[PDB]
Amino acid sequence: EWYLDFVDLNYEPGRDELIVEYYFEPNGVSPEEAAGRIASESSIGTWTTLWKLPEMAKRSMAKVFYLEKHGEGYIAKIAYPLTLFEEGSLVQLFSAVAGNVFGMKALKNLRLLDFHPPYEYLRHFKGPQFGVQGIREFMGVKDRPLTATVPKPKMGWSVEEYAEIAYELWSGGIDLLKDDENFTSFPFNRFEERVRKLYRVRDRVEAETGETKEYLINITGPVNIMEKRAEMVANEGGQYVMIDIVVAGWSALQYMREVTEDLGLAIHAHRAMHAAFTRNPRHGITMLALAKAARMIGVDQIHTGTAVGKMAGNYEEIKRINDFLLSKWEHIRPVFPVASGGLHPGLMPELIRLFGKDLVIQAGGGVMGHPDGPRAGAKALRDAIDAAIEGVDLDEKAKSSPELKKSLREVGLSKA
Amino acid sequence: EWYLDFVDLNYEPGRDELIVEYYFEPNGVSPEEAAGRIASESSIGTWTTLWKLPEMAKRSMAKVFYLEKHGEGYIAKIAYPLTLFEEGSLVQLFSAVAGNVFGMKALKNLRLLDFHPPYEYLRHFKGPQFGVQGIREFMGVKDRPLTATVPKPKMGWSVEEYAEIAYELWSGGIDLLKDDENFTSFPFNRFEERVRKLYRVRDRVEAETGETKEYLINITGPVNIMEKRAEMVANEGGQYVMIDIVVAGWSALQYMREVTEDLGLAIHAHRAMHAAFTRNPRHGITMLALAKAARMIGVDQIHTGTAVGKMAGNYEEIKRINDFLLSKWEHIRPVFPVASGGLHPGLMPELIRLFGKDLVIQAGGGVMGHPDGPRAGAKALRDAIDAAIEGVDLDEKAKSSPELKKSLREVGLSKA
Amino acid sequence: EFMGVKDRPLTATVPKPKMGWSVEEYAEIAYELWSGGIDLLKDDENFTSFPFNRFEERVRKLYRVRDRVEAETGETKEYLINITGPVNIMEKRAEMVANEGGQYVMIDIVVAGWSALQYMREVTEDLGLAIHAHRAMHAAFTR
Amino acid sequence: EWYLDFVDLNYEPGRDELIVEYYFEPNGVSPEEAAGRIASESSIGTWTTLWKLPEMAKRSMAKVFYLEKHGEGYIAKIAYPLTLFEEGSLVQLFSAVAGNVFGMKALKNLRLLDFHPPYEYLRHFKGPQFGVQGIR
């Protein structure tokens, strides 16, 4: 019942234990009794008094085994014995470590920084199912990064209107059609009538080109539907499906891992809604924490960020989160980072050079925005990237790629 | 493509439109071009240039029709035409209004304050399914508030250990056994073996007492399981099921509405994880926003807060959020607020007097904490409440209720 | 009839070491083995399903490697894969091996148990699956 | 590939490991190279030579960490790292520890004596369902 028992700065935690690192600021408590309480809460809570103490209560405790001070507050690292989790249910994990823990009156601020799972906890998660690898195999791109475009405007397109601009985009060299996070199903573009259409356009284009083309379609919605729509996307044959992991919810992603197990569907995530906590640096959940829970259940792409005036994104953090996603990790296969952030033909070389050929560059803007129309906007971006990778001067590339020249030349006429 | 078209402070929005009120602080933009962008983002995003504009793009726009300044920033109120939602999928609603909207570089802070749904959007939501009403009918309590206890410690109890203390708690007068937000299923207390047990204990106690007793059991976990466990709780007969709405996820709650439709299961929500955004007053999502999305899909109880030194909770906000939950609202039946916050026999009268007999008072502590053991702790709390309601002086009540006296007398020996 | 060998004996290899290979690592050495002239990939009696080589992800892979190799060679190639485990799973995994097309499935008859083999006869009836047995555990009495 | 690497009488095995105690009689091998082989067999078998060694092969090893002599033979106790089992499938467990292990030519006799499962292996088993209790 003593938040202090929950701390011991000396303790050494074993291979088979769960560690969560926290950022906090007490608020009328010793930095010890704050960090005590974070592990009271996240595990057997309190009480040591009246009724028969539960056997295994005693072994179910959490323990602060490091609390140094950092910035205007401190970092604790609390280690957790696995009798506290239900292995497999990452959703249950969070109830203890992302719960009431953020409400507790004794803290001014509390942020979840990162967490590491003992094999024994993580060998129960399938990891991505395609990873950078699988994805890579199937579309057919061994080296460059993957290119993908959400079309502007972002809604109200009809089933028809949608095919057309899809067709254009795939046609100049885009890899991935991306729907917009918001865009699911509407009277004028119903899901079912949509799938039926695009897929056929999709193939006609493989046929037309020689290259592969996929559509990160947006199955977000109550699980039932998300399932029902996945079974259709599987039907006309897509090896992909876009899901708003933050929106959509946890329990619900899980389930969907399994479903994509089943149909052989590559998940793409879209953090649209994360900004509600992954932002404030004193409180919340680090975009990394989350890029992890979720690489573990198994998403095969996630939006992280960029290298562009538009997303002036902490390149230290952006490269942390990235490098993780891409890193080995036992059995869990590597994820693709998704470069979202108003990018365009000219930012290619620096983007790359700063984040590896292993990216899904997403640049809706720089492409719909081409002066010559979306389809030369995709030739652009394509060339802008072939030439980056092969070393070649963007100004040289331009000398053979006219939609590249005019895109370069044009993005010139916009900044003064 | 002009964040300004997205504003018009003059506009008047019709019955059949969707209004979201925001709190924000620009960050290198006019308070107009900030609030322009919040409705660029939350609806057809940008662009008015190259390819065929989508018909209905034009009618799918959002519009700031009020932006006064408030505190160190401003309040916009953006109104939304329904061609933008997929009616029914509240989860899709949030992708537009709780999305990327919190990430946009031009704001320092952005908070979702409240939202109102035109009949036409809300007539597609079932509301609670039991509401204060149904719940009230079934347990059998027409007047007092409902009492419920999570047992301390909060984990590692065995299937057995659990029955016993359950038995005790129901036995002094508790209405609701509550599991702990964290507590699902574990080697030593597996779900299935748990349900089987408690229910029988539950009834034995109805039999023993004359009163009703239920168990807000905790079906949180991936949807599949949450479903599978709901079907069992339905099986041995419970009209209740506890779910961590914030954890668990949105899409996933939805689905579960429907499932509880089916089995005739009353949902109880537990915001454990909300503190990640519902806290910071400049950024996030107001506990009210959320108490709404979720009364609408239909939870029949939610944790809000209190009137006690322990949760020194903005009584203006706590009473907002409450009063809402309890308020008429067409077709949506009223929700019960859940009073969580280390409360105990002596805070009863003031608690009440400040929040109506219509509460589910949750006080795990004040009850397990009784000096005489948990079961007289429930007599306490019971009496503490009968006497509050009937006017009677707590010191008078004590004169006939010994476990009340000794609890009053004892909570005396703790504050100096 | 099916593998295609009317006269010689059938050749088959369990790879050393016998565990901890990944879904990947496994394809590669499979590929090699089929490639010099092996008929049968054999799993090891112990080798079923593990975090780093899960069954389902395994089947999907190898089979494709299997065929690529038929294509590459001109000869047939099969994989005495190891569906041992509680019946339910053994069934569920047989239905997949059937799925990507294998006419074989390795089972530890002594381990696995009797009642359980039986049932599986019938299941392989059904999918058209050739059983291979592995007496690993018999030495407890047959000695 | 050295049955000897599979032994170390000094080693100390952790909470999260699996121990099987054996009774045996070698038969043309040191009581060490007999008990080496019992853990070669029951885990990554053999070979350290030609093709790419599998990553986790190395961590999937078993290890004799006690072999005293007992009766006309000896008792080894081999401890096993869980990357070798498929948790839940006790049937798979036995293929490694009750397998070919009883056939190996280098032993005259081999008996499985007892085994202890680390929580982490046993928390995946439901135990009886009624026990003396329920029945009762």
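Residues numbered from 1 in each chain as written, not as in the entry; some residues may be left out. Chains lettered and ligands numbered in written order. Part of a larger assembly, values for the part shown. Heavy atoms only, no water.

Method of determination for the deposited model, per the PDB record: X-ray crystallography, at 3.00 Å resolution.

Per the PDB entry, chain C carries the name Ribulose bisphosphate carboxylase and comes from Pyrococcus horikoshii. Here the entry title, as the record gives it, is "Crystal structure of octameric ribulose-1,5-bisphosphate carboxylase/oxygenase (Rubisco) from Pyrococcus horikoshii OT3 (form-2 crystal)".

The PDB entry lists chain A under the name Ribulose bisphosphate carboxylase, with Pyrococcus horikoshii as the source organism. In its Subunit section, the UniProt entry covering chain A states "Homodimer or homodecamer. In contrast to form I RuBisCO, the form III RuBisCO is composed solely of large subunits." In the Sequence similarities part of its UniProt record, chain A is described as follows: "Belongs to the RuBisCO large chain family. Type III subfamily." (UniProt positions renumbered as here; feature names shortened; annotations may be inferred.)

A count of helical and extended segments in chain A gives 16 helices and 13 strands. Relative to a compact globule of 416 residues, whose C-alpha radius of gyration would be 22 Å, chain A shows 24 Å and is just as compact. With the principal axes as the frame, chain A shows a C-alpha extent of 75 × 45 × 35 Å. Per-residue burial over chain A gives 66% buried out of 416 residues. Considering only intrachain contacts with a sequence separation of at least 6, the fraction spanning at least 24 residues in chain A is 77%. Total accessible area on chain A stands at roughly 14500 Å², and carbon and sulfur atoms take up 50% of it. Computed over 51 positive and 58 negative side-chain charges, the inter-centroid distance for chain A is 2 Å. (Helix = DSSP H or I, 4+ residues; strand = E, 2+ residues; numbered from the N terminus. Rg over C-alpha atoms; globule rule 2.2 N^0.38 Å. Buried < 20%, exposed > 50% of the residue type's maximum accessible area, 1.4 Å probe, protein only. Contact = heavy atoms within 4.5 Å. Areas by Shrake-Rupley, 256 points an atom, 1.4 Å probe, with all protein chains shown as cover. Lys, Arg positive; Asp, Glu negative; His and termini not counted. Charge placed at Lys NZ, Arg CZ, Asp CG, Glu CD.)

Okay, the interface of chain D and chain C next. In this assembly, 34 residues from chain D lie in contact with 30 residues from chain C. Of the roughly 2400 Å² buried where chain D meets chain C, counting both sides, 56% is carbon and sulfur surface. When the area that chain D buries against chain C is broken down by residue, the three leading residues are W51, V91 and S95 of chain D, summing to 23%. Where chain D packs against chain C, one counts four salt bridges. Between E86 of chain D and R93 of chain C there is a salt bridge, and its shortest N-O distance comes to 2.7 Å. For the interface between chain D and chain C, the tally reads 17 residue pairs in polar contact. The set of elements that each furnish at least two residues to the side of chain D that touches chain C consists of α2 (90-97) and β4 (107-116) of chain D. With five residues, the top contributor of residues to the side of chain D that touches chain C is α2 of chain D. Across the side of chain D that touches chain C, the residue classes break down as 16 nonpolar, 12 polar and six charged. (Buried area = accessible area lost by both parts, 1.4 Å probe. Salt bridge = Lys/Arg side-chain N within 4 Å of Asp/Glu carboxyl O. Polar contact = N/O pair within 3.5 Å; in protein donor to acceptor, adjacent residues only side chain to side chain. Nonpolar A, V, L, I, M, F, W, Y, C, P; charged D, E, K, R; others polar.)

The two copies are related by a screw operation: chain B maps onto chain A through 180 degrees of rotation and 0.0 Å of translation along the axis, at an RMSD of 0.0 Å. In the structure described here, the two chain copies are related by an operation that fits a two-fold rotation axis. Proximity to the rotation axis, assessed at the C-alpha, singles out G249 of chain B in chain B; its C-alpha lies 1.6 Å from the axis. Interface residue correspondence from chain B to chain A reaches 100%, placing this contact among same-surface, isologous pairings. (Least-squares fit on C-alpha atoms.)

Attention now goes to the UniProt feature "active site" in chain C. When the UniProt feature table is mapped onto this chain, "active site" is found at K16 and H134 of chain C. Filtering out sequence-adjacent residues up to four positions away, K16 of chain C remains in contact with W21 of chain C together with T46 and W47 of chain D. Note that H134 of chain C resides in the segment after β5 (130-133). Setting aside chain neighbours within four positions, we find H134 of chain C in contact with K42, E45, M106, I107, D108, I109 and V110 of chain C together with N100 of chain D.

All names here are of chain A. When cut into domains, chain A gives domain 1 (1-125) and domain 2 (126-411). Each of domain 1 and domain 2 has a C-alpha centre, and the two are 36 Å apart. With 26 residues of domain 1 at the contact, the number on the domain 2 side is 25 residues. When residues of domain 1 are sorted by the area they lose upon contact with domain 2, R111, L122 and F125 head the list and together hold 31% of the total. Close ionic contact of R282 with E72 constitutes a salt bridge, the shortest N to O distance being 3.2 Å. At the boundary of domain 1 and domain 2, one finds 17 residue pairs in polar contact. Tallying contributions element by element places strand β4 (residues 107-116) first for the side of domain 1 that touches domain 2, with nine residues. Split by residue class, the side of domain 1 that touches domain 2 holds 15 nonpolar, five polar and six charged. (Domains from an automatic or database assignment.)

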